[PDB]
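Okay, here we've got a single chain as structure tokens, the form deposited in one PDB entry, with questions on binding and movement later.
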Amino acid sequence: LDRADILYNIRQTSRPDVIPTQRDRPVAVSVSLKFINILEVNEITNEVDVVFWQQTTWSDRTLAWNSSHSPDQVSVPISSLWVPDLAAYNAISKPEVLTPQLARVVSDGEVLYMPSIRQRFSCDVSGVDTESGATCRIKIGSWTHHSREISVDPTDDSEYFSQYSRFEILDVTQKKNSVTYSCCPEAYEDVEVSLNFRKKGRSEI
């Protein structure tokens, strides 16, 4: 197969509305945020404006092809794929996608989607101007798929962080959690990302 044949097959049999569950087991979605910049912090309102790469991986076996004498991977527009309906539960702006909306599909059906996102959050900005810094927690999970349909798992903290930010990263921790909504008995899995950061140049003058 060549790239043209693989992309044709995906475009033609793309069920983007259909979650690719295998034998009624959940789709395992891995999520890791790589922080690139912290642009605005407001200690009065407890709001932060951040740029991050949202590394997202899952399997969709309906995409798979025989890689013998074929590409091992192709770039696919996400409009041609099912993508997990992830939301940041404490976002106060829509995610602004800064990058081309293409995912990488591996011949075994693994999908890697990593948009660069600018987004504003409600989180704890207290201590940003101190040595120990602020800890802003961001919670990401499926909006509509509970734990029997989607599982969410986490996958240098400053490796891609801008050296030119007014802020610096002290630590990033990413832990699995579970939330319940009042309407409904099912739990939703989430990743809770704790961004420990502080303002550069905190000497009193």
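Whichever C-alpha set is largest while still superposing within 1.5 Å between the two forms counts as the rigid core. Only residues modelled in both forms are compared. We number the residues from 1 along the sequence you see.
What follows is about the form deposited in another entry, which we do not show.
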| query | finding |
| --- | --- |
| Which one of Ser162, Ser70, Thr173, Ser178, by Cα shift of 2 Å or more between the shown form and the other one, core superposed | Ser178 |
| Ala187 C-alpha moves between the shown form and the other one by 2 Å or more, core aligned | yes |
| Residue ranges moving between the shown form and the other one (criterion: at least three consecutive CA positions shifted 2 angstroms or more, core aligned) | 12-14, 178-188 |
